[PDB]
Each structure stands twice: as structure tokens, then as C-alpha cells.
Amino acid sequence: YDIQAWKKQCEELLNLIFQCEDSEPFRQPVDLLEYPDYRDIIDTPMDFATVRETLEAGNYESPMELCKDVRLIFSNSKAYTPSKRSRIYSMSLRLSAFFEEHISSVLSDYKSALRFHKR
Ligand SMILES: CC(C)c1ncc(Cl)c(C(N)=O)n1
């Protein structure tokens with residue numbers, strides 16, 4: 001029932017994601033010189049360094065907010081992909097499955113702790 005435990009849990013999950021080779025295209029903001037039309041398709045860029053920095057700045061109130069930004073990394077990859085078989089998009093699908101498998105207990109524990117706090 002620790003209402004604050006999600007933060008270290010998210011730091012550790014981001015550390016695992018940075019170790020994953022599948023995260024390399026998503027570790028820093030997309031390079032507009034490499035993809036000059038990126039902002040014509042993607043309204044809200046997002047990347048894992050921005051997520052980590054937002055967390056470390058104390059600018060996430062809950063793991064749901066972090067999870068919304070990580071899911072935006074994956075939906076941006078899906079929106080920008082020219083093909084469902086592209087290399088970078090395939091890396092995002094595997095990384096998304098890994099992320100969803102690990103974030104589920106973080107979200108459940110947080111929501112349970114908050115419900116206990118408000119009982
Ligand atoms: C990470 C950004 C640059 C991105 N998102 C999705 C795809 Cl699938 C691609 C690509 N180059 O094929 N690039």
C-alpha cells in the first residue's frame with residue numbers, strides 16, 4: 001500500500017528498457033534531419049529520455065501519466081511507419097509488449113494503494 005513505490009519501479013523499468021537493444025530508435029527525440037517530414041505526421045513527439053527526465057524532475061504525479069507518455073512513443077512509431085513490417089516499427093512492437101508486461105503490476109499496486117489510502 002505504498003503510494004510512492006511506483007516511482008522507483010518506473011526508474012528500474014526504464015533502466016531495463018535502456019538496456020534493451022529494441023529501445024535504441026526511441027532513446028532520444030526523433031532526428032528531424034534524418035526524417036524531415038516527421039512533424040507533418042506526428043503532433044506530439046516522445047522518447048524515453050524525455051520520459052526519464054520528466055520522472056526524475058518530479059513531473060509525473062502517477063504511473064498512469066508515465067504510461068500515457070510511453071504509449072505515445074509506440075503510437076508515434078505506428079503512425080510514422082511506412083509499413084507494418086518495417087524494422088523500427090517491429091522493434092516498437094516487441095518493446096511495447098515488454099513494457100506492458102512489466103507496467104501492469106506497477107499500475108495495479110499504485111491503484112490499490114490509493115484505494116487503501118482513501119478507504
Ligand atoms: C523512430 C522513428 C524515427 C520511426 N518511427 C517508426 C518507423 Cl517504422 C521509423 C522508420 N524509419 O521506418 N522511424
# chains A, B, ... in the order shown; residues from 1 in each chain; ligands from 1

$ residues_around --residues "residue 1 in chain A" --least-positions-apart "5" --cutoff "8 Å" --atoms "only C-alpha atoms" --output "PyMOL selection string"
chain A and resi 109-110+112-114+116-117

$ residues_near_ligand --ligand "ligand 1" --cutoff "12 Å" --atoms "only C-alpha atoms and all ligand atoms" --output "MDAnalysis selection string"
chainID A and resid 22:39 41:42 45:48 72:93

$ write_last_selection --atoms "C-alpha atoms" --output "CSV table (one decimal), in the first residue's frame"
chain,number,residue,atom,x,y,z
A,22,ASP,CA,14.9,-2.7,-29.3
A,23,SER,CA,14.8,0.7,-27.5
A,24,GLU,CA,17.7,2.3,-29.4
A,25,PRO,CA,15.5,4.2,-32.0
A,26,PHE,CA,13.4,5.6,-29.2
A,27,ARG,CA,16.0,6.7,-26.6
A,28,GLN,CA,16.3,10.3,-27.8
A,29,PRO,CA,13.9,12.5,-29.8
A,30,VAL,CA,13.5,11.6,-33.5
A,31,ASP,CA,16.1,13.4,-35.6
A,32,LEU,CA,14.3,15.7,-38.0
A,33,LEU,CA,17.3,15.8,-40.3
A,34,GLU,CA,17.0,12.0,-40.8
A,35,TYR,CA,13.1,12.2,-41.1
A,36,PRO,CA,12.3,15.7,-42.4
A,37,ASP,CA,8.6,15.1,-42.6
A,38,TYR,CA,8.2,13.7,-39.0
A,39,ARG,CA,6.3,16.7,-37.6
A,41,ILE,CA,2.6,13.3,-39.3
A,42,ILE,CA,3.4,13.4,-35.6
A,45,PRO,CA,7.0,13.6,-30.2
A,46,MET,CA,8.0,11.5,-27.3
A,47,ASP,CA,11.1,9.4,-26.4
A,48,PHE,CA,12.5,7.5,-23.4
A,72,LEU,CA,2.7,7.8,-27.1
A,73,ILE,CA,6.3,6.6,-28.1
A,74,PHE,CA,4.7,3.4,-29.6
A,75,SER,CA,1.7,5.1,-31.2
A,76,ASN,CA,4.0,7.6,-32.9
A,77,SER,CA,6.1,4.8,-34.2
A,78,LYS,CA,3.0,3.1,-35.6
A,79,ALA,CA,1.7,6.4,-37.1
A,80,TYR,CA,5.1,7.1,-38.8
A,81,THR,CA,5.8,3.6,-40.1
A,82,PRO,CA,5.6,3.3,-43.9
A,83,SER,CA,4.9,-0.5,-43.4
A,84,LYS,CA,3.7,-2.9,-40.7
A,85,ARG,CA,6.9,-4.9,-41.5
A,86,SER,CA,9.4,-2.0,-41.1
A,87,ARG,CA,12.4,-2.7,-38.8
A,88,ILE,CA,11.8,0.2,-36.4
A,89,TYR,CA,8.1,-0.5,-36.1
A,90,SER,CA,8.8,-4.2,-35.4
A,91,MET,CA,11.2,-3.1,-32.6
A,92,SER,CA,8.5,-0.9,-31.1
A,93,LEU,CA,6.0,-3.8,-31.0

$ closest_residue --among "A:43, A:56, A:61, A:69" --to "residue 11 in chain A" --atoms "only C-alpha atoms"
A:56

$ closest_residue --among "A:51, A:68, A:94, A:44" --to "residue 13 in chain A" --atoms "only C-alpha atoms"
A:51

$ atom_distance --atom1 "CA of residue 21 in chain A" --atom2 "CA of residue 104 in chain A"
21.8 Å

$ closest_residue --among "A:20, A:2, A:15, A:103" --to "residue 65 in chain A" --atoms "only C-alpha atoms"
A:103

$ residues_around --residues "residue 8 in chain A" --least-positions-apart "6" --cutoff "12 Å" --atoms "only C-alpha atoms" --output "PyMOL selection string"
chain A and resi 2+14-15+52+55-56+58+62-63+106

$ closest_residue --among "A:118, A:71, A:111, A:7" --to "residue 59 in chain A" --atoms "only C-alpha atoms"
A:7

$ select_by_dssp --residues "chain A" --states "alpha helix (DSSP H)" --output "number ranges by chain"
A: 6-19, 38-41, 48-56, 63-80, 87-117

$ closest_residue --among "A:40, A:49, A:95, A:57" --to "residue 17 in chain A" --atoms "only C-alpha atoms"
A:95
